[PDB]
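Protein chains in written order, with my numbering: chain A, 36 to 145; chain B, 220 to 317; chain C, 290 to 398; chain D, 463 to 576.
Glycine residues also receive a C-beta, built at the ideal position from the N, C-alpha and C atoms.
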Amino acid sequence: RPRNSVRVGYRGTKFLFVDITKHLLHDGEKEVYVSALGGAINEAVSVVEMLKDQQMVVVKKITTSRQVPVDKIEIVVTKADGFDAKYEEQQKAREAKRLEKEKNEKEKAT
Amino acid sequence: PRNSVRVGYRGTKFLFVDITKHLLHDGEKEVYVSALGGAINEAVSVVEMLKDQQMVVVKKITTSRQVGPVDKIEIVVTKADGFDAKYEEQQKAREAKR
Amino acid sequence: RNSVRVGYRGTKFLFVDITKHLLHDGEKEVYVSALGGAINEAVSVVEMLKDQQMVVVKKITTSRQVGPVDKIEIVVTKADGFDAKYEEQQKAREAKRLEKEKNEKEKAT
Amino acid sequence: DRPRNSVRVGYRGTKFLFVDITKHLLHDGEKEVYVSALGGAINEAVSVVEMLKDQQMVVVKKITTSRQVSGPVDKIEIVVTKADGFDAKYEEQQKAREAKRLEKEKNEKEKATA
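Okay, structure coming up:
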């Protein structure tokens with residue numbers, strides 16, 4: 036299973052696969068292959084629609100297939116315009132809240 | 220079990236595969252197979268069944284989202300080569316059995 | 290015209306009709322069950338039967354089989370006045386089948 | 463708009479989060495938790511309860527279905543209570559979550575001072 040292939044399934048959440056896809060595009064991957072089998076095909080669409088709602092990715096290709104019956108979808112997404120700028124502002128905002136929670140937790144303990 | 224009703228999608232995929240075949244046979248150059256939310260899976264399997272029967276080829280697949288959000292898939296299928304010959308053979312076998 | 294929208298409306302009606310026929314055809318209780326993503330439609334099938342005042346829910350259980358597959362099982366029995374309401378639907382379904390048959394022959398023009 | 467002991471399973475959260483919320487609410491005094499969902503999320507509410515049943519944490523006290531307006535919207539509601547040995551199995555899960563939190567904090571401060 037390649038690094039740029041995210042398998043959407045029940046051993047995870049839609050929020051986790053969105054985060055993994057964002058991290059893979061930010062961490063060198065030019066394109067991410069978002070795939071799912073059978074009843075999870077809709078959930079793979081929800082993962083990509085969330086990335087599109089956040090204006091982070093653009094869909095490059097969608098294919099359906101049947102593998103060894105089990106049906107399969109595969110959506111290939113690449114970085115959208117302003118991905119780096121919108122990912123780093125979200126990282127800055129997530130660290131600001133992670134430190135403020137730590138600082139107030141330490142202060143509450145003292 | 221006579222008193223057990225199993226609710227499922229098997230009779231739904233066969234109906235929509237049949238509907239799609241009839242529209243292609245009745246003049247339509249392309250059929251837009253779409254579904255919302257949890258029905259996206261059945262729409263994909265409906266197209267895979269049509270591809271398995273060598274009836275259609277996928278020309279385009281798009282996804283969209285409307286306002287819980289509602290996700291939508293849209294698969295555009297066209298006639299494959301030898302559709303008429305396989306549609307007439309499927310009709311002959313269904314009329315023979317009826 | 291060239292757009293096929295795949296959905297569950299009609300499939301819920303088939304199982305609503307099947308459940309009604311099985312209760313009318315001797316069965317005291319019908320077990321309405323479904324797996325995974327069809328659990329929602331199985332619940333809607335029973336809610337449709339409840340609005341028609343045809344069944345009453347006797348028991349609902351959930352279970353898990355080997356990803357894992359979840360299962361619901363709703364046991365419905367006849368409601369009071371089911372026979373009186375089923376006979377009015379059968380009579381009305383026959384009035385329409387004779388009308389469609391007579392219309393088919395009258396369309397010989 | 464809902465009571466404290468009512469968990470609404472939906473798209474604003476994961477099944478893992480609703481399982482944890484239900485466990486936390488039962489451990490923090492609540493005698494019963496109402497696990498409910500609407501329409502296409504009804505199956506996901508069933509998976510949340512089945513996960514709690516696999517962990518032998520809850521027992522199902524009641525399941526009801528109903529219909530409300532938005533077309534009509536169908537709803538499931540599962541009432542769960544503590545199973546026997548819930549406290550002993552929840553305390554082992556709490557103990558296991560602190561062990562991993564202290565192992566990560568101790569290791570990440572060790573790595574920062576190498």
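Note to self: So within the segment 259-297 of chain B, which uninterrupted alpha helix (DSSP H) runs reach at least 4 residues, ignoring any that extend past its ends?
What the structure shows: 259-271
Next item on the list: Could you tell me whether any Cβ in chain D is nearer than 7 angstroms to the Cβ of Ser-322 of chain C?
Entry: Along the third sequence, read from residue 1 onward, the residue named residue 322 of chain C stands at position 33. No, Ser-322 of chain C lies away from the interface with chain D (no Cβ there is under 7 angstroms from its Cβ).
Check: If you draw a straight line from the C-alpha of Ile-294 of chain B to the C-alpha of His-244 of chain B, how long is it?
Finding: Here residue 294 of chain B refers to the residue found at position 75 when the second sequence is read from its first residue. Here residue 244 of chain B refers to the residue found at position 25 when the second sequence is read from its first residue. Cα-Cα distance, rounded: 18 angstroms.
Next item on the list: Establish whether the CB of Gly-227 of chain B and some CB of chain A are separated by less than 7 angstroms.
Entry: Looking up residue 227 of chain B in the second sequence gives position 8. By this cut-off, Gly-227 of chain B is not an interface position.
Next item on the list: With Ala-499 of chain D as the anchor, note down where its beta strand (DSSP E) starts and where it stops.
Entry: Here residue 499 of chain D refers to the residue found at position 37 when the fourth sequence is read from its first residue. Residues 494-500.
Check: Along the chain, where does the beta strand (DSSP E) that runs through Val-293 of chain C open and close?
Finding: Taking the first residue of the third sequence as position 1, residue 293 of chain C is located at position 4. Where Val-293 of chain C is concerned, the enclosing beta strand (DSSP E) stretches over 292-295.
Check: Buried or exposed: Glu-388 of chain C, going by 16 or more other Cβ atoms within 10 Å of its Cβ?
Finding: Counting from 1 along the third sequence, the entry for residue 388 of chain C is found at position 99. Exposed, because fewer than 16 other Cβ atoms sit within 10 Å of the Cβ of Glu-388 of chain C.
Note to self: Does chain C have any CB closer than 7 angstroms to the CB of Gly-74 of chain A?
What the structure shows: For the purposes of this step, residue 74 of chain A is identified with residue 39 of the first sequence, where counting begins at 1. Yes, contact with chain C.
Item checked: Min CB distance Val-305 of chain C to chain B below 7 angstroms -> Against the third sequence, residue 305 of chain C aligns to sequence position 16. No, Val-305 of chain C does not count as interfacial toward chain B.
Next item on the list: Have a look at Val-510 of chain D and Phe-478 of chain D and give me their C-alpha separation to the nearest angstrom.
Entry: Here the question's residue 510 of chain D lines up with position 48 in the fourth sequence. Here the question's residue 478 of chain D lines up with position 16 in the fourth sequence. Straight-line Cα distance between these residues: approximately 8 angstroms.
Note to self: I'd like to check one pair, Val-277 of chain B with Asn-291 of chain C: are the Cβ atoms closer than 7 angstroms?
What the structure shows: Reading the third sequence from its first residue, position 2 is the one you call residue 291 of chain C. Reading the second sequence from its first residue, position 58 is the one you call residue 277 of chain B. No, they are not a contact pair.
Margin query: According to DSSP, simplified to helix, strand and coil, what is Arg-298 of chain C?
Written below: Taking the third sequence and counting its residues from 1, the one referred to as residue 298 of chain C is at position 9. Correct three-state label for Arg-298 of chain C: coil.
Next item on the list: Would you verify that the beta carbon of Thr-527 of chain D is, or is not, closer than 7 angstroms to some beta carbon of chain A?
Entry: The residue given as residue 527 of chain D occupies position 65 in the fourth sequence. Judged by the 7 angstroms Cβ criterion, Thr-527 of chain D is not in contact with chain A.
Check: Can you tell me whether DSSP reads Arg-563 of chain D as helix, strand or coil?
Finding: Counted from its first residue, the fourth sequence places residue 563 of chain D at position 101. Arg-563 of chain D falls in the helix class under three-state DSSP.
Notebook entry, point to check: If you draw a straight line from the C-alpha of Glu-390 of chain C to the C-alpha of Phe-371 of chain C, how long is it?
Noted result: Taking the first residue of the third sequence as position 1, residue 390 of chain C is located at position 101. Taking the first residue of the third sequence as position 1, residue 371 of chain C is located at position 82. So the alpha carbons of these two residues sit roughly 28 angstroms apart.
Check: Is the beta carbon of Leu-269 of chain B less than 7 angstroms from the beta carbon of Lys-291 of chain B?
Finding: On the second sequence, residue 269 of chain B is found 50 positions in, with the first residue counted as 1. On the second sequence, residue 291 of chain B is found 72 positions in, with the first residue counted as 1. No. Outside cutoff.
Next item on the list: Could you work out which residues of chain A lie near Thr-476 of chain D, taking near to mean beta carbons separated by less than 7 angstroms?
Entry: Taking the first residue of the fourth sequence as 1, we reach residue 476 of chain D at position 14. The answer, in chain order, is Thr-48, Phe-50.
Next item on the list: Determine the direct distance from the alpha carbon of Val-321 of chain C to that of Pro-220 of chain B, and round the result to whole angstroms.
Entry: Start at 1 with the first residue of the second sequence, and residue 220 of chain B comes out as number 1. Start at 1 with the first residue of the third sequence, and residue 321 of chain C comes out as number 32. If you take the alpha carbons of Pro-220 of chain B and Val-321 of chain C, they lie about 12 angstroms apart.
Item checked: Chain-ordered neighbours of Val-82 of chain A on chain B, where CB pairs are closer than 9 angstroms -> One-based indexing of the first sequence puts residue 82 of chain A at position 47. None at all; the shortest Cβ gap to chain B is about 10 angstroms.
Next item on the list: Compare the C-alpha of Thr-543 of chain D against each of D:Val-481, D:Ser-528, D:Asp-463, D:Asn-505 and name the closest.
Entry: By 1-based counting over the fourth sequence, the position of residue 543 of chain D is 81. For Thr-543 of chain D, the nearest C-alpha among the options comes from D:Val-481.
Next item on the list: Compute the Euclidean distance between the alpha carbons of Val-289 of chain B and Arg-46 of chain A, then round it to the nearest angstrom.
Entry: The residue labelled residue 289 of chain B in the question sits at position 70 within the second sequence. The residue labelled residue 46 of chain A in the question sits at position 11 within the first sequence. In a straight line, the C-alpha of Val-289 of chain B is about 23 angstroms away from that of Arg-46 of chain A.
Next item on the list: State the DSSP-derived secondary structure class of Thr-308 of chain C, mapped to helix, strand or coil.
Entry: For the purposes of this step, residue 308 of chain C is identified with residue 19 of the third sequence, where counting begins at 1. Helix.
Check: Skipping 5 residues on each side, what residues in its chain have a beta carbon closer than 8 angstroms to that of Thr-527 of chain D?
Finding: Your numbering for residue 527 of chain D matches position 65 in the fourth sequence. So the qualifying residues of the chain are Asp-536, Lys-537, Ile-538, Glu-539.
Notebook entry, point to check: When we look at the beta-carbon of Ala-258 of chain B and count the other beta-carbons within 10 Å, is it buried (16 or more) or exposed?
Noted result: For the purposes of this step, residue 258 of chain B is taken as the residue at position 39 of the second sequence. Counting Cβ neighbours within 10 Å, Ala-258 of chain B comes out buried, since at least 16 surround it.
Note to self: Tell me which residues share the same chain as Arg-353 of chain C and place their Cβ nearer than 8 angstroms to its Cβ, disregarding the 5 neighbours each side in the sequence.
What the structure shows: Within the third sequence, residue 353 of chain C is the residue found at index 64, counting from 1. Counting only Cβ-Cβ distances below 8 angstroms, and skipping sequence neighbours, we find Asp-359, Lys-360.
Notebook entry, point to check: Given that a residue counts as buried once 16 or more other Cβ atoms are within 10 Å of its Cβ, and exposed if not, what is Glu-307 of chain B?
Noted result: Residue mapping note: residue 307 of chain B aligns to position 88 of the second sequence, counting from 1. Burial call: exposed.
Check: Whose Cβ in chain A lies nearer than 8 angstroms to the Cβ of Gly-356 of chain C?
Finding: The residue you call residue 356 of chain C lines up with position 67 of the third sequence. The contacting residues are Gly-44, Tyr-45, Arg-46.
Checklist line | Min CB distance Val-355 of chain C to chain B below 7 angstroms | finding: Against the third sequence, residue 355 of chain C aligns to sequence position 66. No, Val-355 of chain C does not count as interfacial toward chain B.
Note to self: Are the CB atoms of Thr-300 of chain C and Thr-231 of chain B within a distance shorter than 7 angstroms?
What the structure shows: Here residue 231 of chain B corresponds to residue number 12 of the second sequence, with the count starting at 1. Here residue 300 of chain C corresponds to residue number 11 of the third sequence, with the count starting at 1. Yes, they are a contact pair.
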